[PDB]
Structure formats: structure tokens, C-alpha cells
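Heads up, entry-v1.cif below (mmCIF, C-alpha atoms and all ligand atoms):
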data_final
#
loop_
_atom_site.label_atom_id
_atom_site.label_comp_id
_atom_site.auth_asym_id
_atom_site.auth_seq_id
_atom_site.Cartn_x
_atom_site.Cartn_y
_atom_site.Cartn_z
CA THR A 700 -26.88 1.44 11.44
CA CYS A 701 -23.15 0.65 11.54
CA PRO A 702 -22.39 -2.57 13.54
CA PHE A 703 -19.92 -2.47 16.51
CA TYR A 704 -17.31 -4.72 14.88
CA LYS A 705 -16.74 -2.03 12.16
CA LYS A 706 -15.91 0.64 14.72
CA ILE A 707 -12.37 1.14 16.23
CA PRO A 708 -12.70 2.20 19.93
CA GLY A 709 -10.84 5.28 21.13
CA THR A 710 -10.81 6.79 17.68
CA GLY A 711 -13.11 8.46 15.16
CA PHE A 712 -12.46 5.63 12.69
CA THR A 713 -14.59 2.96 10.89
CA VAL A 714 -13.46 0.13 8.66
CA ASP A 715 -15.44 -1.00 5.54
CA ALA A 716 -18.48 1.02 6.67
CA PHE A 717 -19.91 2.86 3.64
CA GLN A 718 -23.48 1.39 3.41
CA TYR A 719 -24.87 3.04 6.61
CA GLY A 720 -24.99 6.72 5.58
CA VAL A 721 -23.15 9.27 7.70
CA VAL A 722 -21.82 7.37 10.73
CA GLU A 723 -22.22 9.26 13.96
CA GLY A 724 -18.82 10.35 15.24
CA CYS A 725 -16.75 9.05 12.27
CA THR A 726 -14.01 11.46 11.17
CA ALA A 727 -12.17 9.07 8.78
CA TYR A 728 -13.40 6.01 6.87
CA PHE A 729 -10.89 3.21 6.04
CA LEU A 730 -11.39 0.78 3.09
CA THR A 731 -9.36 -2.46 3.30
CA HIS A 732 -9.97 -3.60 -0.34
CA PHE A 733 -12.05 -3.09 -3.48
CA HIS A 734 -14.73 -5.88 -3.05
CA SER A 735 -18.40 -4.85 -3.27
CA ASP A 736 -19.47 -6.15 0.22
CA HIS A 737 -16.85 -3.69 1.61
CA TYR A 738 -17.07 -0.59 -0.73
CA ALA A 739 -20.92 -0.68 -1.01
CA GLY A 740 -22.09 2.99 -0.77
CA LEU A 741 -19.12 4.84 -2.17
CA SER A 742 -19.64 7.18 -5.22
CA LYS A 743 -18.89 10.61 -6.66
CA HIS A 744 -21.20 12.05 -3.96
CA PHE A 745 -18.96 10.88 -1.02
CA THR A 746 -17.39 13.89 0.72
CA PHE A 747 -15.56 12.46 3.84
CA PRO A 748 -11.87 11.35 3.92
CA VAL A 749 -11.22 7.73 2.69
CA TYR A 750 -7.95 6.10 3.66
CA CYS A 751 -6.73 3.06 1.64
CA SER A 752 -3.88 1.62 -0.45
CA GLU A 753 -2.63 3.19 -3.68
CA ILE A 754 -4.30 0.43 -5.76
CA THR A 755 -7.64 0.74 -3.96
CA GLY A 756 -7.44 4.53 -4.46
CA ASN A 757 -6.92 4.09 -8.29
CA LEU A 758 -10.04 1.89 -8.34
CA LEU A 759 -12.13 4.38 -6.31
CA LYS A 760 -11.14 7.28 -8.68
CA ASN A 761 -11.68 5.40 -12.02
CA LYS A 762 -14.44 2.85 -11.35
CA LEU A 763 -16.64 4.59 -8.72
CA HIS A 764 -15.61 8.22 -9.72
CA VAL A 765 -14.89 9.22 -6.09
CA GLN A 766 -13.32 12.71 -6.24
CA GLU A 767 -9.48 12.90 -5.84
CA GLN A 768 -9.64 15.46 -3.00
CA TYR A 769 -11.33 12.85 -0.69
CA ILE A 770 -8.91 9.91 -1.54
CA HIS A 771 -5.95 9.52 0.90
CA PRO A 772 -3.71 6.63 -0.33
CA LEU A 773 -1.05 5.45 2.17
CA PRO A 774 2.14 3.56 1.33
CA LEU A 775 2.48 0.03 2.87
CA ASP A 776 4.87 -0.89 5.70
CA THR A 777 5.19 2.81 6.74
CA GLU A 778 4.12 4.53 10.03
CA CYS A 779 1.58 7.31 9.14
CA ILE A 780 -0.37 9.69 11.43
CA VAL A 781 -4.10 10.03 10.71
CA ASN A 782 -6.15 12.45 12.82
CA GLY A 783 -3.63 12.22 15.57
CA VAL A 784 -3.32 8.40 15.61
CA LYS A 785 -0.39 6.26 14.27
CA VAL A 786 -1.46 3.65 11.67
CA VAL A 787 0.31 1.16 9.41
CA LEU A 788 -1.04 -0.67 6.28
CA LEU A 789 0.20 -4.23 5.73
CA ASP A 790 -0.24 -6.64 2.79
CA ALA A 791 -3.26 -8.93 3.42
CA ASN A 792 -2.41 -11.61 0.77
CA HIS A 793 -6.06 -11.32 -0.50
CA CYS A 794 -6.81 -9.48 -3.86
CA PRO A 795 -4.69 -6.64 -5.40
CA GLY A 796 -4.52 -3.63 -3.11
CA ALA A 797 -5.92 -5.43 -0.05
CA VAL A 798 -4.52 -4.42 3.35
CA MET A 799 -4.61 -5.14 7.10
CA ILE A 800 -4.55 -2.03 9.36
CA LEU A 801 -2.51 -1.65 12.60
CA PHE A 802 -3.83 1.15 14.93
CA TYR A 803 -1.67 2.47 17.85
CA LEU A 804 -4.28 3.99 20.21
CA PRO A 805 -3.45 7.03 22.33
CA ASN A 806 -3.86 4.97 25.53
CA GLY A 807 -1.17 2.26 24.57
CA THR A 808 -3.67 -0.32 23.14
CA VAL A 809 -2.63 -1.80 19.77
CA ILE A 810 -5.39 -3.10 17.43
CA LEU A 811 -4.92 -5.23 14.21
CA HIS A 812 -7.89 -5.32 11.74
CA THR A 813 -7.14 -8.07 9.11
CA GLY A 814 -9.74 -6.95 6.56
CA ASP A 815 -10.10 -10.04 4.32
CA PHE A 816 -6.81 -12.05 4.38
CA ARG A 817 -5.06 -15.34 3.58
CA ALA A 818 -2.75 -15.84 6.55
CA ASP A 819 0.84 -16.76 5.72
CA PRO A 820 4.03 -17.44 7.73
CA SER A 821 5.73 -14.55 5.88
CA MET A 822 3.45 -12.18 7.91
CA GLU A 823 5.41 -13.32 11.08
CA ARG A 824 8.33 -11.16 9.69
CA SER A 825 6.46 -8.00 8.90
CA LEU A 826 6.25 -4.91 11.29
CA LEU A 827 3.88 -7.23 13.41
CA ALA A 828 6.99 -8.92 14.87
CA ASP A 829 7.90 -5.70 16.87
CA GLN A 830 5.02 -5.25 19.42
CA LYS A 831 2.18 -6.80 21.29
CA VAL A 832 -1.40 -6.70 19.83
CA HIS A 833 -4.22 -6.37 22.38
CA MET A 834 -7.29 -6.72 20.03
CA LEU A 835 -7.59 -8.66 16.71
CA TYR A 836 -10.54 -8.00 14.37
CA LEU A 837 -10.29 -11.33 12.46
CA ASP A 838 -11.50 -12.57 8.97
CA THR A 839 -13.14 -15.80 10.19
CA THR A 840 -14.59 -16.82 6.76
CA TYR A 841 -13.32 -20.46 7.04
CA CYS A 842 -13.04 -20.81 10.80
CA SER A 843 -13.81 -24.58 11.13
CA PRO A 844 -11.56 -27.60 10.59
CA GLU A 845 -13.53 -28.95 7.63
CA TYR A 846 -12.20 -26.07 5.59
CA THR A 847 -9.14 -27.47 3.93
CA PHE A 848 -7.80 -26.57 0.49
CA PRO A 849 -4.46 -26.64 -1.34
CA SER A 850 -1.81 -23.87 -1.71
CA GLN A 851 -2.44 -21.36 -4.52
CA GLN A 852 0.87 -22.56 -6.16
CA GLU A 853 -0.46 -26.23 -6.39
CA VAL A 854 -3.78 -25.03 -7.85
CA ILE A 855 -1.95 -22.94 -10.48
CA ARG A 856 0.32 -25.91 -11.35
CA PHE A 857 -2.79 -28.00 -11.99
CA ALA A 858 -4.42 -25.29 -14.14
CA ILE A 859 -1.28 -24.62 -16.27
CA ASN A 860 -0.63 -28.39 -16.86
CA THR A 861 -4.34 -29.03 -17.74
CA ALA A 862 -4.61 -26.14 -20.19
CA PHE A 863 -1.14 -26.76 -21.84
CA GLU A 864 -2.04 -30.51 -22.32
CA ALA A 865 -5.52 -29.76 -23.79
CA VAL A 866 -4.39 -27.13 -26.31
CA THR A 867 -1.30 -29.15 -27.36
CA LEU A 868 -3.59 -32.15 -28.06
CA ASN A 869 -6.09 -29.86 -29.89
CA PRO A 870 -4.71 -26.47 -31.21
CA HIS A 871 -8.31 -25.55 -31.97
CA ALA A 872 -9.48 -25.58 -28.32
CA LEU A 873 -10.40 -22.26 -26.61
CA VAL A 874 -9.68 -21.72 -22.91
CA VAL A 875 -12.29 -19.70 -20.89
CA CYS A 876 -11.88 -18.35 -17.30
CA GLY A 877 -14.69 -16.94 -15.12
CA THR A 878 -14.46 -13.70 -13.03
CA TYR A 879 -16.83 -11.34 -11.12
CA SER A 880 -14.52 -9.19 -9.06
CA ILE A 881 -10.81 -8.40 -8.68
CA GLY A 882 -8.60 -11.17 -7.24
CA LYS A 883 -7.42 -14.58 -8.56
CA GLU A 884 -5.76 -12.88 -11.65
CA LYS A 885 -2.96 -15.56 -11.46
CA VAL A 886 -5.47 -18.17 -12.80
CA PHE A 887 -5.96 -16.52 -16.29
CA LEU A 888 -2.47 -14.87 -16.35
CA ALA A 889 -0.49 -18.07 -15.77
CA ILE A 890 -2.57 -20.04 -18.37
CA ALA A 891 -2.06 -17.24 -21.02
CA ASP A 892 1.72 -17.21 -20.22
CA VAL A 893 2.15 -21.00 -20.81
CA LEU A 894 0.13 -20.86 -24.07
CA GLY A 895 1.88 -17.72 -25.55
CA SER A 896 -1.33 -15.74 -25.74
CA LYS A 897 -2.80 -12.61 -24.21
CA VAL A 898 -5.99 -12.74 -22.20
CA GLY A 899 -8.98 -11.30 -24.08
CA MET A 900 -11.74 -9.52 -22.14
CA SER A 901 -14.42 -6.75 -22.11
CA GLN A 902 -13.43 -3.10 -22.10
CA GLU A 903 -14.81 -2.68 -18.50
CA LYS A 904 -12.61 -5.59 -17.20
CA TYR A 905 -9.55 -4.33 -19.05
CA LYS A 906 -10.04 -0.83 -17.43
CA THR A 907 -10.31 -2.49 -13.99
CA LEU A 908 -7.02 -4.44 -14.49
CA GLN A 909 -5.16 -1.32 -15.73
CA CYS A 910 -5.88 0.25 -12.29
CA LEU A 911 -3.79 -2.49 -10.48
CA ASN A 912 -0.01 -1.73 -10.74
CA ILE A 913 0.72 -5.23 -12.14
CA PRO A 914 4.08 -4.85 -14.04
CA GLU A 915 4.02 -5.71 -17.74
CA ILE A 916 0.18 -5.81 -17.93
CA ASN A 917 0.14 -4.10 -21.36
CA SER A 918 2.08 -7.36 -22.14
CA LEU A 919 -0.54 -9.94 -20.87
CA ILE A 920 -4.05 -8.56 -21.51
CA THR A 921 -6.16 -7.23 -24.46
CA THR A 922 -9.59 -6.18 -25.67
CA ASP A 923 -8.98 -7.91 -29.11
CA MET A 924 -10.84 -11.21 -28.56
CA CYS A 925 -9.82 -12.45 -32.04
CA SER A 926 -6.12 -12.30 -31.21
CA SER A 927 -6.49 -14.28 -27.96
CA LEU A 928 -7.09 -18.00 -27.13
CA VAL A 929 -7.69 -17.37 -23.41
CA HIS A 930 -10.99 -15.47 -22.90
CA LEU A 931 -12.35 -13.97 -19.62
CA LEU A 932 -16.11 -14.05 -19.16
CA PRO A 933 -18.42 -13.12 -16.34
CA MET A 934 -18.76 -15.94 -13.87
CA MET A 935 -22.48 -16.34 -14.59
CA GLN A 936 -21.72 -17.38 -18.14
CA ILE A 937 -19.52 -20.35 -17.00
CA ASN A 938 -22.18 -23.03 -17.62
CA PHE A 939 -22.99 -25.29 -20.63
CA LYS A 940 -25.53 -22.90 -22.12
CA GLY A 941 -23.42 -19.80 -21.80
CA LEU A 942 -20.29 -21.53 -23.11
CA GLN A 943 -22.13 -23.03 -26.18
CA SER A 944 -23.35 -19.56 -26.96
CA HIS A 945 -19.88 -18.06 -26.64
CA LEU A 946 -18.44 -20.75 -28.99
CA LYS A 947 -20.96 -19.75 -31.72
CA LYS A 948 -19.67 -16.15 -31.55
CA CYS A 949 -16.13 -17.25 -32.31
CA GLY A 950 -16.97 -17.84 -36.00
CA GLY A 951 -15.59 -21.39 -36.46
CA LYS A 952 -12.11 -20.58 -35.13
CA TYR A 953 -12.55 -23.09 -32.29
CA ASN A 954 -14.19 -26.54 -31.89
CA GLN A 955 -13.80 -27.23 -28.16
CA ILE A 956 -13.90 -25.22 -24.82
CA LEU A 957 -11.99 -25.94 -21.65
CA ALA A 958 -13.33 -23.60 -18.85
CA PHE A 959 -12.19 -22.78 -15.35
CA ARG A 960 -14.41 -21.57 -12.41
CA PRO A 961 -12.25 -20.51 -9.54
CA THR A 962 -14.40 -21.00 -6.48
CA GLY A 963 -13.42 -20.84 -2.80
CA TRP A 964 -13.92 -24.02 -0.74
CA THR A 965 -16.47 -26.59 -1.87
CA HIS A 966 -17.37 -29.95 -0.07
CA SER A 967 -15.62 -32.05 -2.79
CA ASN A 968 -12.39 -30.80 -0.96
CA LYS A 969 -13.33 -33.21 1.87
CA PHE A 970 -12.83 -36.21 -0.49
CA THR A 971 -10.55 -35.25 -3.44
CA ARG A 972 -6.90 -34.06 -3.75
CA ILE A 973 -6.13 -31.38 -6.35
CA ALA A 974 -4.23 -33.95 -8.48
CA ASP A 975 -7.39 -36.08 -8.82
CA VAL A 976 -9.88 -33.23 -9.76
CA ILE A 977 -12.01 -33.94 -12.87
CA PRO A 978 -14.37 -31.76 -14.95
CA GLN A 979 -18.03 -31.71 -15.82
CA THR A 980 -18.33 -32.44 -19.53
CA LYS A 981 -21.15 -32.11 -22.13
CA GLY A 982 -20.17 -32.68 -25.73
CA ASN A 983 -17.17 -30.52 -26.70
CA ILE A 984 -17.37 -28.40 -23.40
CA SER A 985 -15.53 -29.27 -20.17
CA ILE A 986 -15.77 -27.17 -16.92
CA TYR A 987 -13.25 -27.43 -14.01
CA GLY A 988 -14.09 -26.05 -10.60
CA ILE A 989 -10.75 -25.23 -8.95
CA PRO A 990 -10.37 -24.38 -5.18
CA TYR A 991 -8.27 -21.18 -5.57
CA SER A 992 -8.81 -19.35 -2.21
CA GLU A 993 -7.92 -15.81 -1.20
CA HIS A 994 -9.00 -16.50 2.44
CA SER A 995 -7.13 -18.43 5.18
CA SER A 996 -7.73 -22.18 5.56
CA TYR A 997 -8.55 -23.21 9.13
CA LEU A 998 -4.95 -24.32 9.74
CA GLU A 999 -3.43 -21.14 8.31
CA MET A 1000 -5.78 -19.00 10.49
CA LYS A 1001 -4.99 -21.02 13.64
CA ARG A 1002 -1.19 -20.73 13.04
CA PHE A 1003 -1.34 -16.94 12.63
CA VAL A 1004 -3.45 -16.37 15.76
CA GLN A 1005 -1.32 -18.75 17.91
CA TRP A 1006 1.78 -16.81 16.77
CA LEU A 1007 0.22 -13.37 17.34
CA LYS A 1008 -1.24 -14.22 20.81
CA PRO A 1009 -3.85 -11.47 20.95
CA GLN A 1010 -5.65 -10.71 24.21
CA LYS A 1011 -9.11 -10.46 22.63
CA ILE A 1012 -10.52 -11.65 19.24
CA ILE A 1013 -13.47 -9.91 17.43
CA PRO A 1014 -14.77 -12.00 14.45
CA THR A 1015 -15.83 -10.05 11.37
CA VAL A 1016 -17.38 -12.99 9.35
CA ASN A 1017 -20.06 -15.61 10.26
CA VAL A 1018 -21.33 -13.33 13.07
CA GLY A 1019 -25.05 -13.62 12.34
CA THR A 1020 -26.07 -16.88 14.12
CA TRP A 1021 -25.68 -18.07 17.68
CA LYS A 1022 -24.32 -21.49 16.50
CA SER A 1023 -21.63 -19.78 14.30
CA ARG A 1024 -20.54 -17.43 17.08
CA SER A 1025 -20.41 -20.24 19.68
CA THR A 1026 -18.41 -22.53 17.37
CA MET A 1027 -15.82 -19.76 16.65
CA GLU A 1028 -15.46 -18.91 20.35
CA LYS A 1029 -14.83 -22.60 21.18
CA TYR A 1030 -12.00 -22.73 18.61
CA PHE A 1031 -10.40 -19.47 19.93
CA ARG A 1032 -10.28 -21.00 23.45
CA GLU A 1033 -8.78 -24.27 22.23
CA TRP A 1034 -6.05 -22.30 20.43
CA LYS A 1035 -5.26 -20.23 23.48
CA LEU A 1036 -5.11 -23.36 25.84
CA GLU A 1037 -2.95 -25.34 23.35
CA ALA A 1038 -0.38 -22.45 22.90
CA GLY A 1039 -0.36 -21.19 26.50
CA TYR A 1040 -1.29 -17.47 26.11
NI NI A 1101 -12.85 -9.75 -0.08
#
Represent the structure from my file as C-alpha cells, please.
Amino acid sequence: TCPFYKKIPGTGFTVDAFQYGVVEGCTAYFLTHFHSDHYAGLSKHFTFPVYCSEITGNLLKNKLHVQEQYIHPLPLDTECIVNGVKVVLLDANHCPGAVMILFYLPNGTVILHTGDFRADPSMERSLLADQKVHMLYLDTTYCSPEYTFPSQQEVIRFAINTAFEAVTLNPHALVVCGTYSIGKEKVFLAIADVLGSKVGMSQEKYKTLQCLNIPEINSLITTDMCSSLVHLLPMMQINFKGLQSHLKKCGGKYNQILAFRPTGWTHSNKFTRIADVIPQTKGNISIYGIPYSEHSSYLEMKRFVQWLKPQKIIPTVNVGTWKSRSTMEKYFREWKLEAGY
């Protein structure tokens, strides 16, 4: 059954609630973004209204075959009325098409649901600046001070400089990037751009990227693996065995692989700066784990919530253990005492 933190009180609405069958009393289902833990359950057989961004709606239609008559895309930054209730979609700074949802309840209560997000000061000058928020349904993925990582721009600078140096030293090196979902496209796009290549990938991944409104994509991506020296592979193949096997398939065009595995946070963040990151190497294969996150660091999260000053916080991540819930609640009270709300 649908958990309480997916239900918006005072409405008929749910958020990211497709894996529970028909939800009792739900008249409209919102989807914040196209990640499988959130869309799980959607198909051609779904016959209730789904509200989402334009990009998420293109993905629903083409990848899951949801019928067009049930897809209700909404423009961003625009007040819309859904089943009698004013809503706004805002950019979440997560993966392509990902949104936060502002609900203006009939009784005067204002609710923000972040979906998954990477908090940023730029959000302090969106339509959030203009009213009070009573309830915040918060992506608490990295809600503890140990979770530190660099800016996405510093991680991309490292990746571009590493790839450009390796291929300039050896024009016969191949670059490989791992993926398993949408998001983190800057990693493979910025490396291809510095090297003067397109990114080569499977037909299924190409189809997924063509759903995304990224300008000049016919320009950066391809299914012709032979024409490309940046290849995208499933994340499970980014290991010495899978990479050795890929290099055989390339028919003697290449004699070295440099690979990237974008992860979120890992514990080597506690000890090493991005500048000082080194690979794992076996023979002519080197693998870099790079901390490219599409979720808030602790500090970014704390800044956003201290600016917003909500009256009540509802965590949507790490809710399954008493120790996780108690730790998160202790941090929310510190933040509130420090900032004075
Ligand atoms: Ni996500």
C-alpha cells in the first residue's frame, strides 16, 4: 500500500506512487522524474491522468508506451490548475526533466515536494521567493555532515583535463563512460566535445537521449561505434573483465582504455580532494571513480532549508530505520535553532 509521505493532504494527489496499484482516493498521479524507483509500475495499461514535465512526458510515451491521452505535460515556472488546485513545476537540478512541485491548497496551506534535487542558491530566486511554505517533503538522500563532495563544474574540469591529456599522449586510447539511467550526461558530452568526437552508444540509449530536448544532440551523439572514440556502456560492464572484452571488439583500432564511473558519494571523499583522485589500473586499462552527484550535499541541503524556513519537514529518503529518522530529526532542529525560525 502507498506510504503516507507520497500522499498530499487536502487533495486527491500522489507523488511518485505507481507501484501500489490503484491508490484509494487518488484522482491525479504526479511523476517528478524518469528514474525507475519513481516510475516503477507505469506502462501502456495505465489509464489515470499523469502530470509531469514535457521531457518526462516524452520518455513515458516512447520508452514505457504510456498512451498520449493520459499524459498531461505542464510547462515550468507557470501557475496551472489541476483538479481545482493551483500547482507550479520548478527545476530540481537533478536529471533532465526533473521537477519540484508547489501545491497551493484550498485552505491556504502551501506545500513544496522536492522530488529528487540538488539544492542550489539559484533556487532562492525562483517563484519560491514570493510566499511562505508550510510543509516541505524533502529529498534527504545525503542528510548527514559526512556527505561532502565537489561542485559538478570541478568534477567535469577534472574529467575533461584527464581525458584530453591521455588521448593527446596516446591517440590510440579509447575513452569509456558508464551509465544505467538518465542524468550525468555532462560527463560523456563534455569529454566528447574536448576530443572532437561524438559519443557512440546502443540504439536503446540513443533513443532515450533523443527524448530529452538537449539542443544540438544530433551534433554530439551516434550509434556508429566505429566513428567514435568516446563509448557509452552499461555501468555493469565498467570493470576489468568487461573492459578487456570491449577492447577485443574494437578490432585493433585501440590499445588502451581510460574509463569513467560516475558514482554519487563514496567514503574516499572523506580523505581525498578531486585534484588528487587516482585510478585503478590493470595492464592497459585504467578506471576512475568520479563523485558527480545529482543530489544535495549536506551543506547545500542545510542552506536551502534555512533559507526556506518551512514549518514542518517530511523526509522522503532514509525513512526505513529508527536511527536514520532520529538522526535526520536532530539535524532539522539544529538548523531551525541556528537560523531562528
Ligand atoms: Ni532520482
Nearest residue to residue A:1010 from the set A:947, A:1035, A:930, A:952 (distances using only C-alpha atoms):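 The closest residue to residue A:1010 is A:1035.
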Close residues to ligand NI 1101 (chain A) using all atoms listed in the file, limit 12 Å, as number ranges by chain: A: 715, 730-738, 791-799, 813-817, 838-840, 879-883, 963, 992-995, 1015-1016
If I take atom CA of residue A:985 and atom CA of residue A:951, how far is one from the other in Å, to one decimal? 18.1 Å
Using only C-alpha atoms, the residue out of A:739, A:826, A:986, A:784 with shortest distance to residue A:961 is A:986
Close residues, residue A:779 itself excluded, 12 Å, all atoms listed in the file, min 2 positions apart in chain, as a short mmCIF file (atom, residue, chain, number, x, y, z; two decimals) with C-alpha atoms, in the coordinates of the input:
data_model
loop_
_atom_site.label_atom_id
_atom_site.label_comp_id
_atom_site.auth_asym_id
_atom_site.auth_seq_id
_atom_site.Cartn_x
_atom_site.Cartn_y
_atom_site.Cartn_z
CA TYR A 750 -7.95 6.10 3.66
CA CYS A 751 -6.73 3.06 1.64
CA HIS A 771 -5.95 9.52 0.90
CA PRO A 772 -3.71 6.63 -0.33
CA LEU A 773 -1.05 5.45 2.17
CA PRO A 774 2.14 3.56 1.33
CA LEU A 775 2.48 0.03 2.87
CA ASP A 776 4.87 -0.89 5.70
CA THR A 777 5.19 2.81 6.74
CA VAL A 781 -4.10 10.03 10.71
CA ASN A 782 -6.15 12.45 12.82
CA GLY A 783 -3.63 12.22 15.57
CA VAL A 784 -3.32 8.40 15.61
CA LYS A 785 -0.39 6.26 14.27
CA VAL A 786 -1.46 3.65 11.67
CA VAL A 787 0.31 1.16 9.41
CA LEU A 788 -1.04 -0.67 6.28
CA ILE A 800 -4.55 -2.03 9.36
CA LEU A 801 -2.51 -1.65 12.60
CA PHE A 802 -3.83 1.15 14.93
CA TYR A 803 -1.67 2.47 17.85
#
Exercise: residue A:723 partners within 12 Å, all atoms listed in the file, chain neighbours under 3 positions left out, as an MDAnalysis selection string: chainID A and resid 700:702 706 711:713 716 719:720 726:728
